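Single-structure report; data block below.
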Number of protein chains: 2
Amino acid sequence: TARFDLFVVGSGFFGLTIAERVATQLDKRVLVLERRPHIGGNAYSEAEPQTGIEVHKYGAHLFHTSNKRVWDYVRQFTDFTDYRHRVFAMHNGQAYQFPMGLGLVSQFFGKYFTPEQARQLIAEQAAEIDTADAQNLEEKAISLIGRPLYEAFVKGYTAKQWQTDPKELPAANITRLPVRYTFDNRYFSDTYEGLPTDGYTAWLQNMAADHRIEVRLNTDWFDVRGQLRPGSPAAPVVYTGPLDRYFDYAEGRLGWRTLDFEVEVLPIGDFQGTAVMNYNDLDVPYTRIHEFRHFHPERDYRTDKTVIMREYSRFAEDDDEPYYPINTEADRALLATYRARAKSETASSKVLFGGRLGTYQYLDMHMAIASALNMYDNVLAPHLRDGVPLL
Amino acid sequence: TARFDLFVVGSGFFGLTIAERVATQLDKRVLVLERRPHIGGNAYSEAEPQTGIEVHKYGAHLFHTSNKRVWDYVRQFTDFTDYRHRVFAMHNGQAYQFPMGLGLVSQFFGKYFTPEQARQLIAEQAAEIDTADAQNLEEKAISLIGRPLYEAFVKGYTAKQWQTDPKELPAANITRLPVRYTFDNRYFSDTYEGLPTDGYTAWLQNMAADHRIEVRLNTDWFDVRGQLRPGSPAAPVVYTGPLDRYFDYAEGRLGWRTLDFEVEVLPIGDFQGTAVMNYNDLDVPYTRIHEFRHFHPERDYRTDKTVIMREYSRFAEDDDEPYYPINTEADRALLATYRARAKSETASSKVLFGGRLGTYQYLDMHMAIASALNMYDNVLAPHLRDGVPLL
Ligand SMILES: Cc1cc2nc3c(=O)[nH]c(=O)nc-3n(C[C@H](O)[C@H](O)[C@H](O)COP(=O)(O)OP(=O)(O)OC[C@H]3O[C@@H](n4cnc5c(N)ncnc54)[C@H](O)[C@@H]3O)c2cc1C
Ligand SMILES: Cc1cc2nc3c(=O)[nH]c(=O)nc-3n(C[C@H](O)[C@H](O)[C@H](O)COP(=O)(O)OP(=O)(O)OC[C@H]3O[C@@H](n4cnc5c(N)ncnc54)[C@H](O)[C@@H]3O)c2cc1C
Ligand SMILES: O=c1ccn([C@@H]2O[C@H](COP(=O)(O)OP(=O)(O)O[C@H]3O[C@H](CO)[C@H](O)[C@H](O)[C@H]3O)[C@@H](O)[C@H]2O)c(=O)[nH]1
Ligand SMILES: O=c1ccn([C@@H]2O[C@H](COP(=O)(O)OP(=O)(O)O[C@H]3O[C@H](CO)[C@H](O)[C@H](O)[C@H]3O)[C@@H](O)[C@H]2O)c(=O)[nH]1
């Protein structure tokens, strides 16, 4: 008679997805342990008192996916709005259409370019590097949008977001942005897209609503694992915290980036007239500004006040929560050591590793949930139900 | 034993809506008489042979409404895509964000304007006229977007579309375009919007699919009414053709505008990278160019060919099909005479008048359908079912 059938460290999208699936589809008790006073991780949102506008506390989250299984899954806990995310870029005191497209091109070069003419222009400016090569951020970016556009809209932004030389940064970072030769300025290229109709918190609460799931807020796993695991020794553990932290940075500290936010309620109805405005120039400390009233245009808010959030990027310290993995040459090598260690902990202590922090991966919400569904289907579910080893 | 319970002249959205409602909700036989070889009026679409791309034969039709009753009604015959219509404007060799918004403003004035700064700028340029006044197109346009924007994006376009002095044109024409101070470049401001998933023709066919509805193509009402009406003398008539034509232009010919189209299949994958590109300058004969592949981005078409359509505007003649009512001072006065005549025909011959052509009104698809549902509920249905007079 064990107390719990499963331990889940972290109540983020990965953890809650794991906890929900195991509790619902396998009929087993799951104890979720969250270090923070709230669930949902960075996806936790809150309604600003003066306006009632939902505020993405730890960075603006926009859900999008081309995976129908994920889409059908997340729809069990929330409805999604018709919202389609668009981003504008501030450069030299001018707002630019974004990302790569005819809008961006025509504005920056002072005249209209046909889809054929635009491809021709960029082909010239993407001379010294071809996409088939290009291992880093700088090489891949230039080979996609050309160098003049790279200088104005990538170099400065990347400098503030990473403070790391773009030749050391992964090429997968810049390919998150769609490269188009039309007037399509949708910031994502996924089939399904939208915002949680009743907020992220309500969404996250419905995933951990099952009575077979217990969430212990303000509880650190490393403090209470020596006491909990004996209570249920057969129960595996899903860890979604920082991978390097799990081993107390034994082989070294992985490269992370963290974010600081300035939330402000302005006495005006509209600050920038759009959801997210990227600041690509270096004469400004923050990377971008969010205006959350434009996240939900279907909702009607007061037109005498607005809520904005300036986003700042710096290196993650000891007491900081990690937001972005940097994955440089040294970081991936250090990651390789921890992957071997994690592979050992799985075989010796039934401890799994998943999530943005758990795998040192640049994971979006849908990619995290998909990764969780993968871990469930192929690892946890065969184990808890059919006794199949975790390896 | 009468042959038909109702006569409907014209198989446009108004006529088919009337025919469908009467046949389905009242269980009565409706004879629809269409002068054209096809149904649907200007909404009739066809698949271009080489590409399979749906082509709006008589002008690009984009459905949009804020009326849920209309929305729920039209959904009985077709599904709608997630499409949101956006228009760009060509001016001095540069593509501009459109309509009135921060995108348009910032591009045209060379720097970014905050929602507050933009309102300030336009307030200065909209000096000599206030919207509370402003009876014509020119006065209302300037009072909404200022004069400099009026010169560049309205004056030239209006000149080509109407060839009529903007001080003689209605103010309701320019207010069809949303005036915003954000980056929202959606060309419509309605709750519901989209394109028929399986084309307009399939949509139109499903409305006239009922076996109690008979459609006689290539049949002019004026030729066969003397023979048909005696066959069913109690059956009312819904006329949706040109109002002035019904009385053989007895008091004069109303002012109309007609359109000519040049459909072309280019050996390139993309001509302009967007659905509709407005040409506001006078150095070009056509008002705008449509590219129908961008109407349905969810559909995948061949990337070696594309279908475009240049739109030309001129005065409607005798043999021309009327597209736009002009409604000048003289036209509305002439319309007043025909309204009295139409009111007499209703009382003397049970003849109703509805639709874009039937009422000399600038009607969109949803406004036409809503107008048809209104005529049904308050006039036809009480008449055919409860014997209530048509007046
Ligand atoms: C600024 C920003 C914007 C983003 N925007 C988008 C977007 O628009 N669209 C999109 O799809 N994705 C977006 N993302 C990414 C997204 O937030 C992540 O994919 C998401 O958090 C996935 O959940 P995860 O659980 O894998 O990581 P996290 O949700 O951060 O989950 C980790 C949790 O583990 C807990 N934890 C860690 N260590 C311990 C411990 N020792 N004990 C107990 N608990 C612990 C933490 O408290 C945390 O709650 C954005 C991210 C950022 C930073
Ligand atoms: C270029 C263009 C673009 C447009 N785009 C949009 C858009 O994007 N969104 C939107 O909502 N609306 C749009 N509209 C408007 C829309 O097409 C009309 O609202 C629509 O046609 C409504 O139908 P209606 O029956 O009132 O007029 P029509 O559909 O033109 O119906 C009239 C019919 O009566 C028939 N007829 C006339 N006389 C006779 C006769 N004597 N005997 C027999 N039959 C006769 C004609 O053959 C015709 O088929 C657009 C219009 C144009 C011209
Ligand atoms: O104007 C830009 C935009 C992006 N980049 C480069 O592209 C990389 C990735 O760009 P992202 O937009 O993915 O940066 P974020 O991860 O911070 O974006 C986050 O915030 C966005 C909100 O607009 C999105 O929702 C996105 O999904 C979410 O991960 C960046 O590191 C940066 O190096 C630039 O250089 N300049
Ligand atoms: O760039 C512009 C656009 C509009 N106008 C003025 O605004 C009036 C109305 O503009 P519309 O866009 O409504 O012109 P249309 O009626 O031709 O538009 C038609 O084609 C459009 C397709 O993009 C829409 O779908 C629209 O609903 C449909 O009625 C015009 O007469 C014109 O005088 C301009 O001056 N300049």
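By order in the structure tokens, chains are A, B, ...; within a chain, residues start at 1; ligands start at 1, following the order shown.
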Kindly provide the residues of chain A that approach ligand 1 to within 8 Å, each paired with its closest atom pair and their distance in Å to one decimal, based on only C-alpha atoms and all ligand atoms, listed by chain and increasing number, as a Markdown table.
```
| residue | atom | partner | partner_atom_place_in_ligand_line | distance |
| --- | --- | --- | --- | --- |
| A:9 | CA | ligand 1 | 43 (C) | 4.9 |
| A:10 | CA | ligand 1 | 34 (O) | 3.3 |
| A:11 | CA | ligand 1 | 49 (O) | 5.1 |
| A:12 | CA | ligand 1 | 29 (O) | 3.4 |
| A:13 | CA | ligand 1 | 23 (O) | 4.2 |
| A:14 | CA | ligand 1 | 25 (O) | 4.2 |
| A:15 | CA | ligand 1 | 25 (O) | 5.7 |
| A:16 | CA | ligand 1 | 25 (O) | 7.8 |
| A:33 | CA | ligand 1 | 43 (C) | 5.2 |
| A:34 | CA | ligand 1 | 44 (N) | 3.9 |
| A:35 | CA | ligand 1 | 43 (C) | 3.9 |
| A:36 | CA | ligand 1 | 47 (O) | 4.9 |
| A:38 | CA | ligand 1 | 49 (O) | 7.8 |
| A:39 | CA | ligand 1 | 49 (O) | 6.2 |
| A:40 | CA | ligand 1 | 49 (O) | 5.7 |
| A:41 | CA | ligand 1 | 49 (O) | 3.1 |
| A:42 | CA | ligand 1 | 30 (O) | 5.0 |
| A:43 | CA | ligand 1 | 17 (O) | 5.5 |
| A:58 | CA | ligand 1 | 1 (C) | 6.2 |
| A:59 | CA | ligand 1 | 1 (C) | 3.6 |
| A:60 | CA | ligand 1 | 3 (C) | 4.8 |
| A:61 | CA | ligand 1 | 8 (O) | 3.7 |
| A:62 | CA | ligand 1 | 8 (O) | 3.2 |
| A:63 | CA | ligand 1 | 9 (N) | 4.6 |
| A:64 | CA | ligand 1 | 11 (O) | 5.8 |
| A:65 | CA | ligand 1 | 11 (O) | 7.7 |
| A:218 | CA | ligand 1 | 43 (C) | 7.9 |
| A:219 | CA | ligand 1 | 43 (C) | 6.2 |
| A:220 | CA | ligand 1 | 42 (N) | 4.1 |
| A:221 | CA | ligand 1 | 42 (N) | 4.5 |
| A:222 | CA | ligand 1 | 41 (N) | 6.2 |
| A:239 | CA | ligand 1 | 39 (C) | 7.6 |
| A:240 | CA | ligand 1 | 34 (O) | 5.1 |
| A:241 | CA | ligand 1 | 38 (N) | 3.4 |
| A:242 | CA | ligand 1 | 38 (N) | 6.1 |
| A:245 | CA | ligand 1 | 41 (N) | 7.9 |
| A:246 | CA | ligand 1 | 41 (N) | 7.5 |
| A:258 | CA | ligand 1 | 53 (C) | 8.0 |
| A:259 | CA | ligand 1 | 1 (C) | 7.2 |
| A:311 | CA | ligand 1 | 1 (C) | 8.0 |
| A:322 | CA | ligand 1 | 30 (O) | 7.9 |
| A:323 | CA | ligand 1 | 53 (C) | 4.8 |
| A:324 | CA | ligand 1 | 53 (C) | 6.6 |
| A:354 | CA | ligand 1 | 26 (O) | 6.8 |
| A:355 | CA | ligand 1 | 26 (O) | 3.2 |
| A:356 | CA | ligand 1 | 26 (O) | 3.9 |
| A:357 | CA | ligand 1 | 27 (O) | 6.0 |
| A:358 | CA | ligand 1 | 26 (O) | 7.3 |
| A:362 | CA | ligand 1 | 19 (O) | 7.6 |
| A:363 | CA | ligand 1 | 19 (O) | 4.6 |
| A:364 | CA | ligand 1 | 12 (N) | 3.5 |
| A:365 | CA | ligand 1 | 11 (O) | 3.6 |
| A:366 | CA | ligand 1 | 11 (O) | 5.3 |
| A:367 | CA | ligand 1 | 19 (O) | 6.9 |
| A:368 | CA | ligand 1 | 26 (O) | 4.9 |
| A:369 | CA | ligand 1 | 22 (C) | 7.4 |
```
Kindly provide, as a PyMOL selection string, the residues of chain B having any atom no farther than 8 Å from an atom of chain A, counting only C-alpha atoms. chain B and resi 93-95+102-103+106-107+110-112+114-116+181-184+270-274
Serialized selection, N, CA and C atoms, as a PDB file, in the first residue's frame:
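This went into selection36.pdb:
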```pdb
ATOM      1  N   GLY B  93       4.868  53.668 -55.943  1.00  0.00           N
ATOM      2  CA  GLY B  93       5.779  52.539 -56.012  1.00  0.00           C
ATOM      3  C   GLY B  93       6.069  51.905 -54.666  1.00  0.00           C
ATOM      4  N   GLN B  94       5.201  52.156 -53.692  1.00  0.00           N
ATOM      5  CA  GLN B  94       5.365  51.582 -52.361  1.00  0.00           C
ATOM      6  C   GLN B  94       4.068  50.960 -51.859  1.00  0.00           C
ATOM      7  N   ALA B  95       4.175  49.771 -51.274  1.00  0.00           N
ATOM      8  CA  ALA B  95       3.020  49.106 -50.687  1.00  0.00           C
ATOM      9  C   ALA B  95       2.762  49.640 -49.284  1.00  0.00           C
ATOM     10  N   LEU B 102      -2.125  52.688 -37.551  1.00  0.00           N
ATOM     11  CA  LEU B 102      -0.748  53.064 -37.249  1.00  0.00           C
ATOM     12  C   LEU B 102       0.217  52.602 -38.336  1.00  0.00           C
ATOM     13  N   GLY B 103      -0.124  51.505 -39.004  1.00  0.00           N
ATOM     14  CA  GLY B 103       0.694  50.996 -40.089  1.00  0.00           C
ATOM     15  C   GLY B 103       0.710  51.951 -41.265  1.00  0.00           C
ATOM     16  N   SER B 106       2.412  55.502 -39.998  1.00  0.00           N
ATOM     17  CA  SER B 106       3.855  55.446 -39.793  1.00  0.00           C
ATOM     18  C   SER B 106       4.625  55.307 -41.104  1.00  0.00           C
ATOM     19  N   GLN B 107       4.070  54.546 -42.043  1.00  0.00           N
ATOM     20  CA  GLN B 107       4.701  54.371 -43.348  1.00  0.00           C
ATOM     21  C   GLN B 107       4.691  55.663 -44.155  1.00  0.00           C
ATOM     22  N   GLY B 110       6.851  58.498 -42.344  1.00  0.00           N
ATOM     23  CA  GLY B 110       8.261  58.193 -42.172  1.00  0.00           C
ATOM     24  C   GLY B 110       8.749  57.903 -40.764  1.00  0.00           C
ATOM     25  N   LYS B 111       7.837  57.872 -39.798  1.00  0.00           N
ATOM     26  CA  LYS B 111       8.211  57.549 -38.423  1.00  0.00           C
ATOM     27  C   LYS B 111       7.036  56.970 -37.646  1.00  0.00           C
ATOM     28  N   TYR B 112       7.339  56.260 -36.564  1.00  0.00           N
ATOM     29  CA  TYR B 112       6.308  55.618 -35.757  1.00  0.00           C
ATOM     30  C   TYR B 112       5.500  56.623 -34.944  1.00  0.00           C
ATOM     31  N   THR B 114       2.610  56.871 -31.866  1.00  0.00           N
ATOM     32  CA  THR B 114       1.820  56.244 -30.815  1.00  0.00           C
ATOM     33  C   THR B 114       0.344  56.503 -31.098  1.00  0.00           C
ATOM     34  N   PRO B 115      -0.546  55.632 -30.588  1.00  0.00           N
ATOM     35  CA  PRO B 115      -1.992  55.839 -30.729  1.00  0.00           C
ATOM     36  C   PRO B 115      -2.432  57.250 -30.337  1.00  0.00           C
ATOM     37  N   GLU B 116      -1.769  57.831 -29.343  1.00  0.00           N
ATOM     38  CA  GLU B 116      -2.081  59.186 -28.906  1.00  0.00           C
ATOM     39  C   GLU B 116      -1.528  60.218 -29.886  1.00  0.00           C
ATOM     40  N   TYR B 181      -6.757  53.499 -34.860  1.00  0.00           N
ATOM     41  CA  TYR B 181      -5.507  54.100 -34.416  1.00  0.00           C
ATOM     42  C   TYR B 181      -4.626  53.039 -33.767  1.00  0.00           C
ATOM     43  N   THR B 182      -4.749  51.814 -34.268  1.00  0.00           N
ATOM     44  CA  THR B 182      -3.909  50.702 -33.843  1.00  0.00           C
ATOM     45  C   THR B 182      -3.189  50.120 -35.054  1.00  0.00           C
ATOM     46  N   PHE B 183      -2.625  48.928 -34.895  1.00  0.00           N
ATOM     47  CA  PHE B 183      -1.963  48.251 -36.004  1.00  0.00           C
ATOM     48  C   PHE B 183      -2.874  47.198 -36.624  1.00  0.00           C
ATOM     49  N   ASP B 184      -4.140  47.212 -36.222  1.00  0.00           N
ATOM     50  CA  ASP B 184      -5.138  46.312 -36.786  1.00  0.00           C
ATOM     51  C   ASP B 184      -5.415  46.692 -38.236  1.00  0.00           C
ATOM     52  N   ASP B 270       3.655  33.487 -57.512  1.00  0.00           N
ATOM     53  CA  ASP B 270       3.083  34.576 -56.727  1.00  0.00           C
ATOM     54  C   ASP B 270       3.292  35.920 -57.419  1.00  0.00           C
ATOM     55  N   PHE B 271       2.204  36.656 -57.621  1.00  0.00           N
ATOM     56  CA  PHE B 271       2.269  37.931 -58.330  1.00  0.00           C
ATOM     57  C   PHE B 271       2.493  39.122 -57.401  1.00  0.00           C
ATOM     58  N   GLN B 272       1.801  39.140 -56.265  1.00  0.00           N
ATOM     59  CA  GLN B 272       1.884  40.281 -55.356  1.00  0.00           C
ATOM     60  C   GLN B 272       1.962  39.875 -53.886  1.00  0.00           C
ATOM     61  N   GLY B 273       1.874  38.576 -53.616  1.00  0.00           N
ATOM     62  CA  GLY B 273       2.027  38.069 -52.262  1.00  0.00           C
ATOM     63  C   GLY B 273       0.911  38.443 -51.302  1.00  0.00           C
ATOM     64  N   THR B 274      -0.243  38.818 -51.845  1.00  0.00           N
ATOM     65  CA  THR B 274      -1.409  39.129 -51.022  1.00  0.00           C
ATOM     66  C   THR B 274      -2.688  39.027 -51.853  1.00  0.00           C
TER      67      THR B 274
END
```
Could you name the residues that touch range 152-154 of chain B at 9 Å or less, counting only C-alpha atoms, but leaving out those on the same chain fewer than 3 positions away, as a PyMOL selection string? chain B and resi 89-91+138+141+147-149+157-159+174+279-281
Counting only C-alpha atoms, which residue out of A:248, A:54, A:210, A:291 sits closest to residue 30 in chain A?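 With only C-alpha atoms as the atom set, the closest residue is A:210.
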Fewer than 3 positions away in the same chain doesn't count, so skip those; otherwise give me all residues within 7 Å of residue 168 in chain B, counting only C-alpha atoms, as a PDB file with N, CA, C and O atoms, in the first residue's frame.
```
ATOM      1  N   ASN B 136     -21.008  64.631 -47.754  1.00  0.00           N
ATOM      2  CA  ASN B 136     -20.471  63.910 -48.908  1.00  0.00           C
ATOM      3  C   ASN B 136     -19.216  63.083 -48.603  1.00  0.00           C
ATOM      4  O   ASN B 136     -18.751  63.031 -47.457  1.00  0.00           O
ATOM      5  N   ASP B 165     -17.448  63.529 -58.934  1.00  0.00           N
ATOM      6  CA  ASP B 165     -16.886  64.425 -57.929  1.00  0.00           C
ATOM      7  C   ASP B 165     -17.287  63.988 -56.523  1.00  0.00           C
ATOM      8  O   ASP B 165     -18.472  63.808 -56.240  1.00  0.00           O
ATOM      9  N   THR B 328     -26.182  60.000 -56.137  1.00  0.00           N
ATOM     10  CA  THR B 328     -25.931  61.431 -56.034  1.00  0.00           C
ATOM     11  C   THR B 328     -27.216  62.151 -55.656  1.00  0.00           C
ATOM     12  O   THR B 328     -28.244  61.513 -55.429  1.00  0.00           O
ATOM     13  N   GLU B 329     -27.154  63.478 -55.589  1.00  0.00           N
ATOM     14  CA  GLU B 329     -28.334  64.283 -55.290  1.00  0.00           C
ATOM     15  C   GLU B 329     -29.473  63.993 -56.274  1.00  0.00           C
ATOM     16  O   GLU B 329     -30.626  63.841 -55.867  1.00  0.00           O
TER      17      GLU B 329
END
```
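Distances to ligand 3 were evaluated for A:383, A:290, A:225, A:253 using only C-alpha atoms and all ligand atoms, and the minimum falls at A:290.
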Polymer residues at most 10 Å from residue 292 in chain A, only C-alpha atoms, same-chain spacing of 5 or more positions, as a compact mmCIF listing (two decimals) with C-alpha atoms, in the first residue's frame:
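Dumped to part-v3.txt:
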```txt
# COMPACT_ATOMS: atom_id res chain seq x y z
CA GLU A 48 -4.31 43.31 -13.29
CA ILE A 53 -6.53 42.60 -18.03
CA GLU A 54 -4.83 39.21 -17.88
CA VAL A 55 -1.08 39.63 -17.43
CA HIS A 56 1.42 36.95 -18.41
CA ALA A 60 3.95 36.66 -22.93
CA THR A 274 -0.40 46.26 -30.81
CA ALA A 275 0.34 43.22 -28.63
CA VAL A 276 4.12 42.97 -28.92
CA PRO A 297 -9.41 42.21 -28.60
CA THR A 306 -3.67 50.14 -20.22
CA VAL A 307 -1.18 47.57 -18.94
CA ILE A 308 2.26 47.24 -20.51
CA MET A 309 5.32 45.13 -19.73
```
Which residues in range 270-313 of chain A does DSSP call strand (DSSP E or B)? List them as a list in words. residues 276, 277, 278, 279, 288, 289, 290, 291, 306, 307, 308, 309, 310, 311, 312 and 313 of chain A
Pairwise distance for CA of residue 25 in chain B and CA of residue 388 in chain B, rounded to one decimal in Å: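 These atoms are spaced 16.9 Å apart.
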Taking only range 39-260 of chain A into account, list the residues labelled helix (DSSP H, G or I) by DSSP (computed from the backbone), as a ChimeraX atom specification. /A:41-43,68-74,102-109,115-125,137-145,147-162,174-176,200-207,221-231,243-246
Gap from CA of residue 254 in chain B to atom 42 (N, counted along the ligand's line) of ligand 2 - Å, one decimal: 17.9 Å
Atom 18 (O, counted along the ligand's line) of ligand 3 and CA of residue 260 in chain A, how far apart in Å? 14.2 Å
